[PDB]
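Here we start with a single chain on its own, the form deposited in one PDB entry, put down as structure tokens.
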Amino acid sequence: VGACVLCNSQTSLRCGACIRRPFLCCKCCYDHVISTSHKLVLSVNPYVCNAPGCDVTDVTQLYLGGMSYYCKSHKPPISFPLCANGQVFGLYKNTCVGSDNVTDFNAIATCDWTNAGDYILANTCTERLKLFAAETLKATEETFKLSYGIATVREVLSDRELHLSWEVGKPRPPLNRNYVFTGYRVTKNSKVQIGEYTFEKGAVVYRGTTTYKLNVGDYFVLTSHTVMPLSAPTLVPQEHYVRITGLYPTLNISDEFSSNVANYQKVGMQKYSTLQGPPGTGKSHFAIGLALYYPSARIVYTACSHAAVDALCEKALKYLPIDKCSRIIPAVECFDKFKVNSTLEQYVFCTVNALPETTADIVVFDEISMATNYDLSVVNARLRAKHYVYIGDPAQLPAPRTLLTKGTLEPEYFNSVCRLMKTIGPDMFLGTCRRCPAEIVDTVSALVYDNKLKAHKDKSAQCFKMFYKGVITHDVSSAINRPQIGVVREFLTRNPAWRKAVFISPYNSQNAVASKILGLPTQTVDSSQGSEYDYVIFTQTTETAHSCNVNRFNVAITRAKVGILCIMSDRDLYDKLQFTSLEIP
């Protein structure tokens, strides 16, 4: 027994064909079975024909006959159909409202999550369907990982380099950092974990969590997990206050945080607030400074990734009493300078998926573009806070959507928080970029920030762009543009100072070729998010939707503190770069 996801109506039915088995009320369960292919229904029992060796599961072809369920062929003389009178038969038949359109719930329940429109719907439907969609999508995502063939160590060629043998009659996953494997040792009667791993084309290059002397027979699967059901909304109800509530501001603050004092007061004057921090504007500075502005306030600092939490820890370590901090870790190497797993500590740093059930004066949720509605609900379920602060940038990269192929996902659809920031705007905006030369700040200000992002630094005169299509080659799941790497090689010979530069591209295969030919450190745009480097060399590689994505392009060029070279494929983004154009040698 549970709650209809459409009505909330109390009910004893769950759709058995829906992978999450939502509870549906007699009405909603009917409207759902008669208007989709979903025909298996679960109660306290499953509406299936309890006749010996009959295969009838369709609820519309079954009858209660006694206290058992039968099809037409096997039913007793005295029976009533399970599925008639615009209603499906179960407990609480007299408390049931329904809905005018079940259309959104069917779409969410049936879609394969390959189309953008599926994520658009999942983020614009009612709040209870946002939770159903977020569970359905995440279960569809964790199941898809099982579709992928086992990789097995056939030969250990070197250290850091392997020969894999793949399971037959199943696809092989892409070999980039968005697909993290787990190794396993061949035992007496079972297997035991042996750290997590990633792979890249050679033979294959492997950069595993821990070191080992792994040998033939060791194999790898993308580790999936149980998706738990959601209960809490993606956002609590907003409340605006006329005074700061449940927070006591400091009388003496330092001029390091004095630029945020007005924003800190705003945080205390509503239930949740959104902070848009463009690249190098001071998001973590903001977050730690909030502690010093409300010194008595218990603050839980959270984010999706261990890296995002550890970077809050690194900033705390520099401003907060260490004795007053704790890093929560579940039973991967992260921050090890606080007492571990001290929930009652005044400053708690913890990933979403590891959060304890606790209360706080303020919850700070960082790198919000990377959050899903699933993460948003989990935070609200674990943390009851006087105030919630969501810090991020909807102009930066979202969580990868491994099933999406048809369509692009616009920032207003990344999650509920990003939707607010792109429709009503953010509560707070960090308007000064301290990282990047003015040429890069002017470019991204016009590209994605409605000309509101201002440069601290002057022009560097070291921001350059080349329009060169080159030649595009494709491997199993990535792109290469050798001529664009050639152009960079010629550029380095004439400009040898740029040999301390970081190589960035949209493709891991472009990066592997560049690493060998140039010897620069490489990062995918996606892996560079949150990092900064003095000099950046960027090859667009292709003009695809992936390489032309404005959020990706915005992250790519805002990695640079001093100088950047962009080898561009797309005439559009080339023309938008406020960089010195260079001829082709």
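Note that the rigid core is defined as the largest set of C-alphas that superpose within 1.5 Å between two forms. All residue numbers are counted from 1 along the displayed sequence.
For the cut-off of one third of the other compared entries, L403 stays well clear, since all of them model it along with its flanks. Among other deposited entries of this protein with both flanking residues present, none omit coordinates for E412; it is modelled throughout, well short of a third. A chain break between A331 and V332 is present, corresponding to 1 to 3 residues of the deposited sequence without coordinates. In this entry, no coordinate-free residues of the deposited sequence separate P229 from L230. Here 190-198 and 300-308 are compared by their mean Cα B-factor, and 190-198 comes out higher. As listed in the deposited structure, the average C-alpha B-factor of 140-148 and of 365-373 is greater for 140-148. Residue-level inspection of the entry shows that, of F286, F491, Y206, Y319, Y206 has the top Cα B-factor.
Highest CA B-factor among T223, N481, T126, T234, as stated in the entry: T223. In the PDB entry, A291 places in the middle third of its chain by CA B-factor.
Residue-level temperature factors show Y30 in the middle third of its chain, judged at the C-alpha atom. Remark: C548 belongs to the lowest third of its chain, ranked by C-alpha B-factor as recorded. Ranked by Cα temperature factor within the chain, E532 sits in the lowest third according to the deposited record. In this PDB entry, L24 carries a Cα temperature factor that places it within the highest third of its chain's modelled residues.
Below, we refer to the form deposited in another entry, which is not included among the displayed structures.
Positional change of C83 between the shown form and the other one reaches 2 Å or more at the C-alpha, relative to the superposed core. With the core held fixed, the Cα of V525 is displaced between the shown form and the other one by less than 2 Å.
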